[PDB]
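Residue numbering restarts at 1 for every chain, and letters A, B, ... go by the order of the sequence lines. Just the heavy atoms: all of them, side chains too, but no hydrogens, waters or symmetry mates, feed the values below.
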Amino acid sequence: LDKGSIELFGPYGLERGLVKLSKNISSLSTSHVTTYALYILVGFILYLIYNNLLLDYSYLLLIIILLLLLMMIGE
Amino acid sequence: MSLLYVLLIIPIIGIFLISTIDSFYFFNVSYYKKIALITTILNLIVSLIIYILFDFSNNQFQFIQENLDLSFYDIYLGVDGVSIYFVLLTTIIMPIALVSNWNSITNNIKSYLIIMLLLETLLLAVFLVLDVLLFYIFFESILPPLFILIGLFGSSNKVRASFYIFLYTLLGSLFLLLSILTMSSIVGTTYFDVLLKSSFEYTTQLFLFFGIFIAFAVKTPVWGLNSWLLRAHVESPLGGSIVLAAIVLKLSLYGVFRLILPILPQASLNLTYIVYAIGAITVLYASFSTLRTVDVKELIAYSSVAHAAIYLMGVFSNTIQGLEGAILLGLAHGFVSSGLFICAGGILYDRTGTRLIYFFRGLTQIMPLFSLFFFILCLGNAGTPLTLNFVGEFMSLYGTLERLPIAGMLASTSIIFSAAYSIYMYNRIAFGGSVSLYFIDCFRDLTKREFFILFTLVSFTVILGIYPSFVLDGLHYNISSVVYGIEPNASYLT
Amino acid sequence: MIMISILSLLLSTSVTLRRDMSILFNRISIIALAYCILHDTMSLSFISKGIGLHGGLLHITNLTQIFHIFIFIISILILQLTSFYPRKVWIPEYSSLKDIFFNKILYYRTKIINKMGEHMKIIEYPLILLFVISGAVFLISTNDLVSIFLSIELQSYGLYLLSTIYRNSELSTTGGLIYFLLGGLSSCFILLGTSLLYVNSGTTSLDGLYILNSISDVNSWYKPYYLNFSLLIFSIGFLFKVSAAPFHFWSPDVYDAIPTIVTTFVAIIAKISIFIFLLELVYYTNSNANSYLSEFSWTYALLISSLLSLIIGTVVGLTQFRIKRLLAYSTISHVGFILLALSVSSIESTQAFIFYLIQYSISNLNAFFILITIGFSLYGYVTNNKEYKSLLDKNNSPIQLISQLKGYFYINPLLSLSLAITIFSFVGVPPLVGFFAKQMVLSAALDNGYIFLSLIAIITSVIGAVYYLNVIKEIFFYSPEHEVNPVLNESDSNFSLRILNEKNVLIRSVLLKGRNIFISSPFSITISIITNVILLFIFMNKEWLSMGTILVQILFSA
Amino acid sequence: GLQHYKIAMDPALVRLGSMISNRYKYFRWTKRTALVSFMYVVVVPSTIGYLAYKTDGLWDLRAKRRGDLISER
Amino acid sequence: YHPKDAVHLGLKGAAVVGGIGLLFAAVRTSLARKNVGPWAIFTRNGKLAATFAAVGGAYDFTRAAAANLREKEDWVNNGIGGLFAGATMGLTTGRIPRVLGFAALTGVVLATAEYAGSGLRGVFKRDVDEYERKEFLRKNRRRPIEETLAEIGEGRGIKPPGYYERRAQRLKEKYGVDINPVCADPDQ
Amino acid sequence: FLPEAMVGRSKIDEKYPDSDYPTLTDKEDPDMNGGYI
Amino acid sequence: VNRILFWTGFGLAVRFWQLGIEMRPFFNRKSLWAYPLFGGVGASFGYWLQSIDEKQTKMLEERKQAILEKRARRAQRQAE
Amino acid sequence: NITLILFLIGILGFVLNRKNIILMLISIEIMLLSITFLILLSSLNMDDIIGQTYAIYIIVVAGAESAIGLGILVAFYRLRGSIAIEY
Ligand SMILES: CCCCCCCCCCCCO[C@@H]1O[C@H](CO)[C@@H](O[C@H]2O[C@H](CO)[C@@H](O)[C@H](O)[C@H]2O)[C@H](O)[C@H]1O
Ligand SMILES: CCCCCCCCCCCCO[C@@H]1O[C@H](CO)[C@@H](O[C@H]2O[C@H](CO)[C@@H](O)[C@H](O)[C@H]2O)[C@H](O)[C@H]1O
Ligand SMILES: CCCCCCCCCCCCO[C@@H]1O[C@H](CO)[C@@H](O[C@H]2O[C@H](CO)[C@@H](O)[C@H](O)[C@H]2O)[C@H](O)[C@H]1O
Ligand SMILES: CCCCCCCCCCCCO[C@@H]1O[C@H](CO)[C@@H](O[C@H]2O[C@H](CO)[C@@H](O)[C@H](O)[C@H]2O)[C@H](O)[C@H]1O
Ligand SMILES: CCCCCCCCCCCCO[C@@H]1O[C@H](CO)[C@@H](O[C@H]2O[C@H](CO)[C@@H](O)[C@H](O)[C@H]2O)[C@H](O)[C@H]1O
Ligand SMILES: CCCCCCCCCCCCO[C@@H]1O[C@H](CO)[C@@H](O[C@H]2O[C@H](CO)[C@@H](O)[C@H](O)[C@H]2O)[C@H](O)[C@H]1O
């Protein structure tokens, strides 16, 4: 427990997960203006969809939380 | 100016003098150390002057200065009989903390002394301020100088240890911030006198409790949550470990008499069974794993967890006896834990350079004076009569039992298991064979510095254990205003 | 006065080609900005939510002038970086009034002071900042759609030019190219939004649009759906310009590629003008009556941006090893707090919004000055580390890696504590000023029902504190990889300094080593004034916070 | 810091301590570790909490004499 | 209340959430660095869209189902749909611990979002004088004794006037024993 | 358009490599202690 | 605290930090005039903050009275 | 309706572009010609001259971005020798 599940379900688990998460997200940043432009339009469409379909706020968080998990997974 | 500001300014003046003497001279580091130690003597001198002039049965804050120049964040400094002894412990401990670590720092000596002189200011403040937002400000200003006290003067695993205490103490303290912010918005201020008048609705108090308790469970710490302490209270320098355990651990003990007992009584009452369950578990699981610890300094750190649980259960008893026993056991742990870090992290680690209990054996044969003080300290940690630790446990356990009888009975297991870890460690190091064969050469016994800081700390534990009324007389009247309840023929008089 | 300054400076720099003449044109740009502060300071003797000027195409507000002066002073502090040489030589023999005023010192100053350094040679650099400042103080005071568009372009175009002005750096020209190409797309969004406003309302005046929204907000043939749809496209462009996630990928790359002198200005000035403009737009587009109009509130994009900026800014920064990329991400996490205070429109949130913007602009400035001063400090140091050898534009960004700051406490202890006090303010640790800013934003959100976002904010504040501590651990927990230059102290190596008098007669000669070379006073004094404000705010908070309480009392008055 | 006295540092015992200090890096979620991690963290404290809930204010010994009852509820 | 067709609503989430993830796979193919073709959106990145469809359909359906089962509408259902969503999230990665971890992380958010109120849209406005509401809760210093007793209850050291006579009744009704304590004094 | 040393994912894998975190399996570590024989 | 006192000290603190950041010696005799200049600027700024404080106090006073008319006059018109 | 289609064309120039930083220059101007064109056709509908003027100032800012954009692209090419994006 002390040197185990307490640290795996806590500081050492959060350390291992977050570092992998952020390495993946920063693998998006490629200094390619062509790819950045697409990302801005993608982020534009999601804003229009969100605030025009009157989607449930919960629907957004599912997407946001589901995205974070895919960045936790590599390859 | 108020006499409570003099406690704050002296360490500030001392930091100035350490940084401006080398400009009047390549000055020696010995003269750096003398200035810092003299300037912690003066705080102790003043603090005893404050204690002579105290009024043991006054329900108004004392030594206050009338400001009448209101701003957004104003320092208000008052002393009360529930906070006076926390201040006195701080000012007695900080000179020993300096003397204990007198030859062991060896480098960055100015920075070391300036951090401790800074720490004494901030920890004095946290007991002296009359707001709960002011309380939070100083309760969390101690965090940057402790990140640097561990990473500059800490042991091998210092980097992870300094991240653990900072980040855990930052996270836990930010749930207390949300609840303080709610109280202020509802009431308009966080000045004590206006909060204690105000009574929050039950549901709000049930949600302010979730927020003040997340913080203090992170800062007790309870068993599930103590992974920062087993790192920080070990990798830290000796002087860091004395402040962290004796003083910093008590910021949440004194913070329950201000933040929970008077302003969230219905929540405290209806949720006590959750506190007691947590407290009972950390009396067991911490006691079980303090047996199997191979690091001597880590064994002392783990002992603090089991002790803190007993005082946490005392402050939630709604009884005058468990409340005073909680302050007494907070003070008792202050002197005794200090001495056992002096033995573990400051004497064996000075001579052997290791903390593994496998290398020690039969140290009585060559250090009889260390053995004598090490045994007395070990018996106070075991809660033995004639020490202040026994009184604090007796009154803490009594109130735990009168409030919820089943958890007090599981808390009283401490009596058995504190004795088992304390004697087993003592027997392994001082007794337990002959002088160990890993000691290639002989080890000198205590120096005159090591003798007199252990002697000073041990003396406080005994004389306060014989005559605890030295501390109980101030507590009785002020503690009598955090109890919640009525009796049928004594209440609502006409 | 900003316009008289640009034209006069333009005429002078137009007839000269001398590059030695740049340090003096930057000094006049500081004196020029001081007259503007004397004029806006005297324009603060009235109460009004606003006075439309110049045919209604501009407005003046108490909040408008305060921000005009704050912009001018933040500009005067960055200008010092190009108006004074980086290092100075000081001897106690030349330190009194009689000496610094009537005596003179002569020595070979070129290699000590970097007289022909790059930042000391561009002649149009003081002028380009003054055209950026002009667009910023126009955006604050715009009362019409066209005026907004023309101001945002004046500010945006000058930022691109500042980012390309180191013409001989492959990095700088790359960054200016990324900034213009992603900035131009942001401008289409701002132009699309305004066009769809006028095409549905027949008006370009903001007050007419505010009244058309005021009359609609009542609990049939012409629903005003366009206002919230137009302003959502409109805010997307302004979200990109302030680098709020999701539109944030450009800032880490542009802020790391351009020279550090330049990233002080570009990474501060555009947020101050964009965020002040948005606040007035949020106040008058509020739906007091819960109707269908508030379901499509454009302010939701700011609430989603703030939520995403809090996460992205604090999570992605964990694995950065480049300091300027680290600081770029730290700014994204700070706009997640600025954006939450803006989204909750309450009296408490606006006062907390005003405080957070000013104090963060002041503190991130100290983080940029400390970095530039540490870069200049290593002139008397050398290193053998193989990784520093391969860095690019080592002159435009001297400090690039967080590992180049290892053991700086050993080189300069108080400069290291200035960088500590500033970084702990970003974390939000009390008693530091940045605590009292996050305290107010959290209290505003909790008081008005944003409990869910507050818990997210305090969680990410723990995560963002991880990469701030990595910087602190690197400066203090280790020993430096930088050693003193051996030649500077060789015993035989000395530079002769001559003390003259008023009629140029020797008073004394002196022998000086590298131990007699220091940081210049403009940089040291500026760092110490801001580090002290962050550390001593709890004793000097009444005038700063009271100004905000009065300012929001008028915006919400009646 | 200070130089300590000479210790026959044991290669065996040093690596045993170096094993313990680094132990947590190798903890895995197996069927065995979940069982212990579930009993100690959930079952035992939940069991204690339940008894603490059901016996709250159940008994008082204060001033109670013969003919009176310890039970308060 | 008015029952809701769970299957219908469940599909709506699958199309709404899955529809967005289909746009994400479109980004993946557009940024593919090889000549992967248009149909790669359904072959190489199809699993990206499927997991969105799986998570969306589980959530809205399971929540709407739990809404019908408990015959109530509250913050609780946004939890149940959340746990069954994170449960489906971890089913893809094939690791048992992630199935529980994602479900805990997923479901705790959705319950917290709802119980705290809808923050990401317009927060509910009580439409009442805030000065009166704040001032009442600041000067509401004393309460009727009966009000406090309901939340905490008489006992546990709260012995309100008359507790003994009531306790007499409570014990007599339960144990069935008349209370008659001993005088403990031989005279009078 | 930026150099690989500055934005490249590689130097993150050199500054924050995946090898920092052990992932031994049931074969090479039954005691979950680090391969300690 | 006293503003003229805090600001005078703030200027003396700014001189000490500047020499510490420069690593130049504090207290050399031929440069001690800096402490009076830094303190005098700290005195002057603070006489300016006292004038700022005085005016802000009048404004916040007026506003709290205006909010006490708006709340009052509305209640007067709701009595019908 | 022509104004919206021509806006899409500029958008779609950003959708299909992995290598042309010149087409990114071009599509920004197609997007500007949509928005100016929409403003103009609504101005004819409402008998307003301010829509005409706002078009004029959009055209003048549009040319200025071309000068700044082609100037910066020249500065980049001088040190690069290629406008290409390796991918
Ligand atoms: C007494 C209880 C104390 C609770 C303290 C607070 C708990 C904090 C909540 C989150 C803690 C992190 O929770 C932890 O998440 C990380 C990922 O980030 C997981 O870490 C790991 O997951 C799986 C194993 O399950 C691995 O294959 C994966 O490589 C790794 O990321 C841990 O399995 C999980 O336990
Ligand atoms: C909010 C910020 C964090 C709060 C905690 C603040 C901690 C502050 C630490 C003290 C200030 C710095 O402390 C500073 O350490 C450096 C170390 O190089 C010392 O500097 C000196 O160190 C040794 C001492 O023998 C000398 O040989 C060396 O030549 C010189 O550099 C300074 O004399 C001391 O003043
Ligand atoms: C409720 C859950 C708990 C709440 C939050 C708790 C968070 C605490 C987790 C902090 C993780 C440790 O943080 C990280 O630790 C590693 C060591 O392990 C440090 O790494 C450091 O120590 C190693 C030791 O070999 C050395 O290489 C070097 O001194 C340095 O890299 C990092 O400087 C620090 O960033
Ligand atoms: C480190 C931070 C130190 C503090 C920095 C900020 C201090 C300066 C804050 C000044 C602004 C608030 O203080 C006050 O505001 C109001 C409204 O804007 C203005 O007040 C002004 O308008 C009124 C109304 O007609 C005039 O009668 C009055 O003579 C004039 O001063 C001034 O600006 C200032 O008197
Ligand atoms: C040190 C802490 C001490 C306090 C905590 C423990 C207190 C324990 C008190 C137990 C006695 C309380 O009061 C006691 O209730 C129990 C309830 O079963 C009764 O016990 C009796 O109950 C039934 C009738 O219902 C009898 O047939 C049976 O023979 C017996 O078990 C006693 O007649 C009564 O005297
Ligand atoms: C809820 C919020 C709180 C939880 C947030 C957790 C975030 C933790 C972020 C950790 C950042 C990196 O922290 C640390 O970085 C150092 C960089 O050398 C590395 O530390 C490493 O050092 C040496 C090499 O020097 C390694 O052999 C060793 O395995 C490890 O300690 C690891 O990568 C990581 O332990």
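- For the options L133(B), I180(B), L174(B), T182(B), heavy-atom pairs under 4.5 Å to chain C are most numerous at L174(B).
- No more than 12 heavy atoms of other residues, nucleotides or ligands sit less than 6.0 Å from atom CZ of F539(C).
- Residue with the most contacts toward chain B among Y478(C), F409(C), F424(C): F424(C) (heavy-atom pairs, distance under 4.5 Å).
- Of the two parts of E348(C), neither the backbone nor the side chain holds a non-hydrogen atom closer than 4.5 Å to a non-hydrogen atom of chain B.
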- Would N108(B) and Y410(C) satisfy side-chain contact (heavy atoms from CB on, under 4.5 Å), going step by step from the backbone distance to the final call? CA-CA 10 Å; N108(B) 301 293; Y410(C) 295 101; 3.3 Å; yes
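- For an aromatic pair to be called close, the ring centres must be under 6.0 Å apart, and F72(B) with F537(C) fails this.
- Interface residue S141(B): backbone and side-chain heavy atoms are both found under 4.5 Å from chain C.
- Of the two parts of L446(C), only the side chain, counted from C-beta on, holds a non-hydrogen atom closer than 4.5 Å to a non-hydrogen atom of chain B.
- Using a 4.5 Å cut-off between heavy atoms, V466(C) contacts chain B through both its backbone and its side chain.
- In terms of non-hydrogen atom pairs under 4.5 Å with chain C, the most contact-rich of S173(B), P144(B), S185(B) is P144(B).
- Contact of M540(C) with chain B is not made at all, since no heavy-atom distance falls under 4.5 Å.
- The nearest pair of heavy atoms linking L167(B) to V462(C) is CD2-O, 3.7 Å.
- Of the two parts of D447(C), only the side chain, counted from C-beta on, holds a non-hydrogen atom closer than 4.5 Å to a non-hydrogen atom of chain B.
- For chain C, the nearby parts of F147(B) are the backbone and the side chain; heavy atoms of each come within less than 4.5 Å.
- The CD1 atom of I150(B) sits 15.5 Å away from the NZ atom of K473(C) when rounded to the nearest 0.5 Å.
- At a threshold of 4.5 Å between non-hydrogen side-chain atoms, the residues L177(B) and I458(C) do not count as touching.
- Proximity to chain C is absent for every atom of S184(B), based on heavy atoms less than 4.5 angstrom apart.
- Contact check for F435(C) versus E140(B): no side-chain heavy atoms found under the 4.5 Å cut-off.
- No hydrogens or angles considered: a donor-acceptor pair under 3.5 Å links the side chains of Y73(B) and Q439(C).
- Ranked by heavy-atom pairs under 4.5 Å with chain C, the first of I75(B), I137(B), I186(B) is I137(B).
- Counting all heavy atoms, side chain and backbone alike, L152(B) lies closest to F476(C) at CD2-O, 3.3 Å.
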